[PDB]
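Student: Structure supplied as model_27.cif; contents: mmCIF, C-alpha atoms and all ligand atoms.
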data_my_file
#
loop_
_atom_site.label_atom_id
_atom_site.label_comp_id
_atom_site.auth_asym_id
_atom_site.auth_seq_id
_atom_site.Cartn_x
_atom_site.Cartn_y
_atom_site.Cartn_z
CA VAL W 3 82.64 74.28 -190.74
CA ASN W 4 79.53 74.01 -192.94
CA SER W 5 81.14 75.98 -195.78
CA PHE W 6 78.61 75.08 -198.46
CA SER W 7 79.02 76.69 -201.89
CA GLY W 8 77.77 76.10 -205.41
CA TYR W 9 74.21 75.21 -204.37
CA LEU W 10 71.09 76.40 -206.12
CA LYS W 11 68.52 77.71 -203.65
CA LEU W 12 65.13 76.06 -204.18
CA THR W 13 63.26 77.38 -201.14
CA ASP W 14 63.96 79.29 -197.93
CA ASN W 15 65.77 76.23 -196.55
CA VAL W 16 66.32 73.59 -199.30
CA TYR W 17 69.43 73.73 -201.51
CA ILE W 18 70.58 71.43 -204.30
CA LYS W 19 73.89 70.75 -206.02
CA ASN W 20 75.17 68.23 -208.57
CA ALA W 21 77.97 66.56 -206.63
CA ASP W 22 79.15 63.42 -204.88
CA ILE W 23 78.04 63.62 -201.25
CA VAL W 24 81.43 62.18 -200.25
CA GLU W 25 83.32 64.92 -202.11
CA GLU W 26 81.03 67.55 -200.58
CA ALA W 27 81.56 66.20 -197.05
CA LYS W 28 85.35 66.44 -197.40
CA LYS W 29 85.09 69.96 -198.85
CA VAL W 30 82.33 71.22 -196.54
CA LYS W 31 83.20 69.34 -193.33
CA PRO W 32 79.55 69.55 -192.23
CA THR W 33 78.23 69.15 -188.71
CA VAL W 34 75.79 66.50 -190.00
CA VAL W 35 75.93 64.26 -193.07
CA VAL W 36 72.83 62.17 -193.83
CA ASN W 37 73.04 58.53 -194.88
CA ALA W 38 70.26 56.94 -196.95
CA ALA W 39 70.25 53.74 -194.90
CA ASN W 40 68.40 50.48 -194.45
CA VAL W 41 67.02 49.37 -191.07
CA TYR W 42 70.09 47.13 -190.55
CA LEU W 43 72.61 49.91 -191.30
CA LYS W 44 74.22 47.50 -193.78
CA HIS W 45 76.02 49.95 -196.06
CA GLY W 46 76.18 47.89 -199.23
CA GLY W 47 76.15 50.51 -201.97
CA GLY W 48 74.82 53.82 -203.14
CA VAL W 49 75.24 56.69 -200.70
CA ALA W 50 75.79 54.40 -197.74
CA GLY W 51 78.40 52.37 -199.61
CA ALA W 52 80.29 55.54 -200.58
CA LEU W 53 80.15 57.06 -197.09
CA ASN W 54 81.29 53.79 -195.51
CA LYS W 55 84.15 53.42 -198.00
CA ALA W 56 85.32 56.98 -197.26
CA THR W 57 85.47 56.06 -193.55
CA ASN W 58 87.56 52.92 -194.32
CA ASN W 59 84.75 50.64 -193.10
CA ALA W 60 84.86 52.49 -189.76
CA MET W 61 81.26 53.63 -190.29
CA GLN W 62 80.21 50.01 -190.84
CA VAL W 63 81.80 48.68 -187.64
CA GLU W 64 80.19 51.46 -185.57
CA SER W 65 76.85 50.81 -187.25
CA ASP W 66 77.06 47.08 -186.50
CA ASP W 67 77.66 47.96 -182.85
CA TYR W 68 74.56 50.14 -182.84
CA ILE W 69 72.44 47.42 -184.42
CA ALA W 70 73.78 44.81 -181.99
CA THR W 71 72.55 46.90 -179.05
CA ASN W 72 69.35 48.47 -180.44
CA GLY W 73 68.30 46.03 -183.17
CA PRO W 74 67.13 47.15 -186.61
CA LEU W 75 65.75 50.63 -187.10
CA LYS W 76 62.16 51.33 -188.05
CA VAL W 77 61.39 52.40 -191.60
CA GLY W 78 61.22 56.18 -191.39
CA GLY W 79 63.39 56.25 -188.25
CA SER W 80 66.92 57.51 -187.73
CA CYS W 81 69.91 57.32 -185.41
CA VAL W 82 72.77 59.76 -184.83
CA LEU W 83 76.18 58.09 -185.09
CA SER W 84 79.72 59.32 -185.65
CA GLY W 85 80.62 61.22 -188.79
CA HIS W 86 84.20 59.88 -188.68
CA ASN W 87 86.45 61.79 -191.14
CA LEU W 88 83.50 63.12 -193.18
CA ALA W 89 81.51 65.07 -190.58
CA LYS W 90 80.95 65.47 -186.87
CA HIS W 91 77.80 63.31 -186.95
CA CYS W 92 76.15 60.99 -189.44
CA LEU W 93 72.34 60.96 -189.33
CA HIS W 94 71.37 57.56 -190.67
CA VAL W 95 67.84 57.76 -192.06
CA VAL W 96 65.79 54.90 -193.47
CA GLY W 97 63.44 55.85 -196.27
CA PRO W 98 60.82 53.38 -197.46
CA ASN W 99 61.80 50.71 -199.99
CA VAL W 100 59.11 51.39 -202.59
CA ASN W 101 60.45 48.59 -204.80
CA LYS W 102 59.55 46.09 -202.07
CA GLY W 103 56.15 47.72 -201.52
CA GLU W 104 56.85 49.71 -198.35
CA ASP W 105 54.55 52.65 -197.62
CA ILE W 106 55.84 55.79 -199.33
CA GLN W 107 54.23 57.91 -196.60
CA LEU W 108 57.12 56.75 -194.40
CA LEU W 109 59.22 59.09 -196.54
CA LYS W 110 57.63 62.01 -194.68
CA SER W 111 58.67 60.43 -191.37
CA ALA W 112 62.18 59.91 -192.72
CA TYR W 113 62.65 63.55 -193.70
CA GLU W 114 61.08 64.70 -190.42
CA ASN W 115 64.28 63.51 -188.75
CA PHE W 116 66.08 66.37 -190.53
CA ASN W 117 64.22 68.94 -188.41
CA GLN W 118 66.21 68.02 -185.29
CA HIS W 119 69.40 69.31 -186.95
CA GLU W 120 70.15 72.90 -187.89
CA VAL W 121 72.16 72.12 -191.06
CA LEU W 122 72.52 68.86 -192.99
CA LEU W 123 74.39 67.65 -196.05
CA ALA W 124 71.97 65.07 -197.40
CA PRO W 125 71.06 62.86 -200.39
CA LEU W 126 67.59 62.26 -201.88
CA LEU W 127 66.18 59.58 -199.58
CA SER W 128 64.76 56.45 -201.28
CA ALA W 129 65.44 57.86 -204.77
CA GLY W 130 68.00 55.18 -205.69
CA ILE W 131 67.91 51.46 -204.99
CA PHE W 132 64.76 51.98 -202.93
CA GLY W 133 63.00 53.10 -206.11
CA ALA W 134 61.07 56.13 -204.86
CA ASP W 135 60.23 58.74 -207.48
CA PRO W 136 63.04 61.34 -207.29
CA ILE W 137 60.69 64.30 -207.81
CA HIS W 138 58.35 63.10 -205.07
CA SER W 139 61.19 62.63 -202.58
CA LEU W 140 62.35 66.21 -203.22
CA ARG W 141 58.78 67.45 -202.80
CA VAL W 142 58.30 65.69 -199.45
CA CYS W 143 61.67 67.03 -198.33
CA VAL W 144 60.61 70.56 -199.32
CA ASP W 145 57.18 70.14 -197.70
CA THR W 146 58.65 68.57 -194.54
CA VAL W 147 62.11 69.80 -193.61
CA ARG W 148 62.30 73.34 -192.20
CA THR W 149 66.01 73.34 -191.29
CA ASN W 150 68.77 73.97 -193.86
CA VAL W 151 69.29 70.93 -196.11
CA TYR W 152 72.05 70.84 -198.73
CA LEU W 153 71.21 68.01 -201.12
CA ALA W 154 74.05 66.49 -203.14
CA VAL W 155 72.68 64.85 -206.29
CA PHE W 156 75.38 62.70 -207.90
CA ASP W 157 73.68 62.26 -211.29
CA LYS W 158 73.63 65.28 -213.60
CA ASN W 159 70.61 64.07 -215.57
CA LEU W 160 68.59 63.74 -212.36
CA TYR W 161 69.86 67.09 -211.06
CA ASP W 162 68.75 68.94 -214.19
CA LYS W 163 65.35 67.25 -214.06
CA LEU W 164 64.81 68.24 -210.42
CA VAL W 165 65.86 71.87 -210.92
CA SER W 166 63.60 72.34 -213.94
CA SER W 167 60.82 70.31 -212.33
CA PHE W 168 60.98 72.56 -209.25
CA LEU W 169 62.11 75.98 -210.53
CA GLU W 170 59.67 76.05 -213.45
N1 LIG A 201 77.88 59.09 -203.88
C1 LIG A 201 76.59 59.72 -203.97
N2 LIG A 201 76.45 61.01 -203.62
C2 LIG A 201 75.26 61.65 -203.69
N3 LIG A 201 74.17 61.00 -204.14
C3 LIG A 201 74.27 59.70 -204.50
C4 LIG A 201 75.52 59.03 -204.42
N4 LIG A 201 75.31 57.76 -204.84
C5 LIG A 201 74.01 57.63 -205.17
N5 LIG A 201 73.36 58.80 -204.97
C6 LIG A 201 71.98 59.08 -205.20
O1 LIG A 201 71.36 59.23 -203.89
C7 LIG A 201 69.97 58.86 -203.96
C8 LIG A 201 69.64 57.70 -203.00
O2 LIG A 201 70.22 56.51 -203.56
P1 LIG A 201 70.54 55.29 -202.59
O3 LIG A 201 70.37 54.02 -203.40
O4 LIG A 201 71.94 55.40 -202.00
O5 LIG A 201 69.57 55.32 -201.34
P2 LIG A 201 68.11 54.70 -201.22
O6 LIG A 201 67.34 54.85 -202.51
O7 LIG A 201 67.39 55.38 -200.07
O8 LIG A 201 68.25 53.16 -200.85
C9 LIG A 201 68.85 52.88 -199.58
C10 LIG A 201 69.86 51.74 -199.74
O9 LIG A 201 70.94 52.07 -200.65
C11 LIG A 201 72.12 51.40 -200.17
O10 LIG A 201 72.08 50.00 -200.48
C12 LIG A 201 72.53 49.68 -201.82
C13 LIG A 201 72.92 48.34 -202.10
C14 LIG A 201 73.35 47.98 -203.38
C15 LIG A 201 73.41 48.95 -204.40
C16 LIG A 201 73.84 48.63 -205.69
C17 LIG A 201 74.26 47.19 -206.07
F1 LIG A 201 75.27 46.76 -205.29
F2 LIG A 201 73.19 46.38 -205.91
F3 LIG A 201 74.61 47.17 -207.37
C18 LIG A 201 73.87 49.66 -206.65
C19 LIG A 201 73.46 50.95 -206.25
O11 LIG A 201 73.49 51.87 -207.06
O12 LIG A 201 73.07 51.18 -205.05
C20 LIG A 201 73.02 50.29 -204.13
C21 LIG A 201 72.59 50.65 -202.84
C22 LIG A 201 72.05 51.57 -198.65
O13 LIG A 201 72.73 50.55 -197.92
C23 LIG A 201 70.54 51.39 -198.40
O14 LIG A 201 70.16 50.02 -198.14
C24 LIG A 201 69.79 58.43 -205.43
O15 LIG A 201 69.23 59.54 -206.16
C25 LIG A 201 71.20 58.10 -205.91
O16 LIG A 201 71.29 58.38 -207.31
#
Would you give me this structure, written as structure tokens?
Ligand SMILES: Nc1ncnc2c1ncn2[C@@H]1O[C@H](COP(=O)(O)OP(=O)(O)OC[C@H]2O[C@H](Oc3ccc4c(C(F)(F)F)cc(=O)oc4c3)[C@H](O)[C@@H]2O)[C@@H](O)[C@H]1O

Tutor:
Amino acid sequence: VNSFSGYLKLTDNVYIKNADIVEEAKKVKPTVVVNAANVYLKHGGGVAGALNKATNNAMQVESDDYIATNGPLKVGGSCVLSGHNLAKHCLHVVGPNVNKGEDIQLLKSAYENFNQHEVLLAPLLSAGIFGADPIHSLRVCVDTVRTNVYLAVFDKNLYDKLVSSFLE
């Protein structure tokens, strides 16, 4: 249905809201919801952990099946799997793990996957356990994605810092 509302428009195509991406998915019912994944699609926490939990582990079983057939993803790569009860499709995207020393330029490649989809509900890739600077991730998203991206930022403190950092 893609009935997004409450988002602050940052650019022609990038929108931001302070919300839980799970809550937004069940209110919006988007065509595509983005997961901030690892290369093994092991959904152990953060966005992935919340999305998986909202699918009742169904997302995890499907993801294991994908990994069993294709093997781990590449950092910066993606794969289109089922959205289950949250969306039509889930676009799993692997941002770089900057904490481990992975190349942050792979964050451009990660966001580039967004361009194959007309509208996405998405988180800030690599901005959590992967330790990428939140402002930088939003900048690469803005500089990279040309389709319509609705970013759900769970943390209010981070949301206010991104809005003022961008719209100011
Ligand atoms: N519900 C939400 N809705 C909207 N936005 C949200 C939401 N929740 C977070 N964000 C925000 O999204 C942005 C991205 O953060 P993420 O950490 O989800 O993604 P990432 O940085 O690209 O790293 C990718 C990895 O994370 C996941 O693995 C883990 C594993 C363990 C933990 C643990 C702990 F078990 F070790 F303790 C604590 C923890 O907090 O997170 C983990 C992530 C996933 O399997 C992948 O391997 C941040 O700005 C965050 O603040």

Student: So, with all atoms listed in the file as the atoms that count, which of W:86, W:45, W:163, W:28 lies closest to ligand LIG 201 (chain A)?

Tutor: W:45

Student: Contacts of range 102-108 of chain W at 10 Å or less, counting all atoms listed in the file, minus same-chain residues fewer than 2 places along, as an MDAnalysis selection string?

Tutor: chainID W and resid 76:79 96:100 110:114 128 132:135 138:139 142

Student: Near range 48-57 of chain W, counting only C-alpha atoms, which residues have an atom at most 8 Å away, once you skip same-chain residues fewer than 5 positions from it, shown as a ChimeraX atom specification?

Tutor: /W:23-24,37-39,62,86-88,125,130-131

Student: Identify which of the residues W:10, W:61, W:143, W:21 lies closest to ligand LIG 201 (chain A), counting all atoms listed in the file when measuring atom-to-atom distances.

Tutor: W:21

Student: To one decimal place, how far is CA of residue 26 in chain W from atom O7 of ligand LIG 201 (chain A) in Å?

Tutor: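 Separation of CA of residue 26 in chain W and atom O7 of ligand LIG 201 (chain A): 18.3 Å.
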
Student: So which one's closest to ligand LIG 201 (chain A), W:81, W:164, W:95, W:154? Using all atoms listed in the file, please.

Tutor: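 Closest residue, counting all atoms listed in the file: W:154.
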
Student: With only C-alpha atoms and all ligand atoms as the basis for distance, which of W:93, W:12, W:122, W:41 is at the shortest distance from ligand LIG 201 (chain A)?

Tutor: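 For ligand LIG 201 (chain A), the nearest of the candidates is W:41.
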
Student: Would you mind reading off the distance between CA of residue 101 in chain W and CA of residue 84 in chain W, one decimal, in Å?

Tutor: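 Distance between the two atoms: 29.2 Å.
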
Student: Given all atoms listed in the file as the basis, pick out the residue of W:121, W:3, W:20, W:9 nearest to residue 162 in chain W.

Tutor: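 Nearest to residue 162 in chain W: W:20.
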
Student: With the input short on atoms, add N, CA and C atoms back to range 42-64 of chain W and write it as a short mmCIF file (atom, residue, chain, number, x, y, z; two decimals), in the frame of the given file.

Tutor:
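Generated file (selection-v7.cif):
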data_model
loop_
_atom_site.label_atom_id
_atom_site.label_comp_id
_atom_site.auth_asym_id
_atom_site.auth_seq_id
_atom_site.Cartn_x
_atom_site.Cartn_y
_atom_site.Cartn_z
N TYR W 42 68.97 47.87 -191.13
CA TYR W 42 70.09 47.13 -190.55
C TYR W 42 71.41 47.87 -190.65
N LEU W 43 71.40 49.11 -191.15
CA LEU W 43 72.61 49.91 -191.30
C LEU W 43 73.71 49.13 -192.02
N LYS W 44 73.30 48.21 -192.90
CA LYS W 44 74.22 47.50 -193.78
C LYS W 44 74.48 48.37 -195.00
N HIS W 45 75.71 48.90 -195.10
CA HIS W 45 76.02 49.95 -196.06
C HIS W 45 76.62 49.33 -197.31
N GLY W 46 75.75 48.75 -198.14
CA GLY W 46 76.18 47.89 -199.23
C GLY W 46 76.40 48.56 -200.57
N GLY W 47 76.04 49.83 -200.69
CA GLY W 47 76.15 50.51 -201.97
C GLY W 47 75.50 51.87 -201.89
N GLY W 48 75.41 52.50 -203.06
CA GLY W 48 74.82 53.82 -203.14
C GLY W 48 75.50 54.77 -202.19
N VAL W 49 74.72 55.70 -201.64
CA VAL W 49 75.24 56.69 -200.70
C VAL W 49 75.92 55.99 -199.53
N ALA W 50 75.23 55.04 -198.92
CA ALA W 50 75.79 54.40 -197.74
C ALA W 50 77.12 53.75 -198.08
N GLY W 51 77.17 53.03 -199.20
CA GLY W 51 78.40 52.37 -199.61
C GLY W 51 79.55 53.34 -199.82
N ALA W 52 79.26 54.53 -200.37
CA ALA W 52 80.29 55.54 -200.58
C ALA W 52 80.74 56.15 -199.26
N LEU W 53 79.79 56.54 -198.41
CA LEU W 53 80.15 57.06 -197.09
C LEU W 53 80.98 56.06 -196.31
N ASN W 54 80.53 54.80 -196.25
CA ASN W 54 81.29 53.79 -195.51
C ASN W 54 82.71 53.68 -196.06
N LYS W 55 82.83 53.57 -197.38
CA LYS W 55 84.15 53.42 -198.00
C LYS W 55 85.06 54.60 -197.66
N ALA W 56 84.51 55.82 -197.61
CA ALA W 56 85.32 56.98 -197.26
C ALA W 56 85.77 56.96 -195.81
N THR W 57 85.05 56.26 -194.93
CA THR W 57 85.47 56.06 -193.55
C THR W 57 86.38 54.84 -193.36
N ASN W 58 86.72 54.12 -194.43
CA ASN W 58 87.56 52.92 -194.32
C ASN W 58 86.87 51.82 -193.51
N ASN W 59 85.58 51.62 -193.78
CA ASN W 59 84.75 50.64 -193.10
C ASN W 59 84.44 51.02 -191.65
N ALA W 60 85.10 52.06 -191.14
CA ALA W 60 84.86 52.49 -189.76
C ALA W 60 83.37 52.74 -189.51
N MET W 61 82.70 53.42 -190.44
CA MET W 61 81.26 53.63 -190.29
C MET W 61 80.52 52.30 -190.13
N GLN W 62 80.94 51.28 -190.88
CA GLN W 62 80.21 50.01 -190.84
C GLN W 62 80.37 49.32 -189.49
N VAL W 63 81.58 49.34 -188.93
CA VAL W 63 81.80 48.68 -187.64
C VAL W 63 80.98 49.36 -186.55
N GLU W 64 81.01 50.70 -186.52
CA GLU W 64 80.19 51.46 -185.57
C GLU W 64 78.72 51.15 -185.75
#
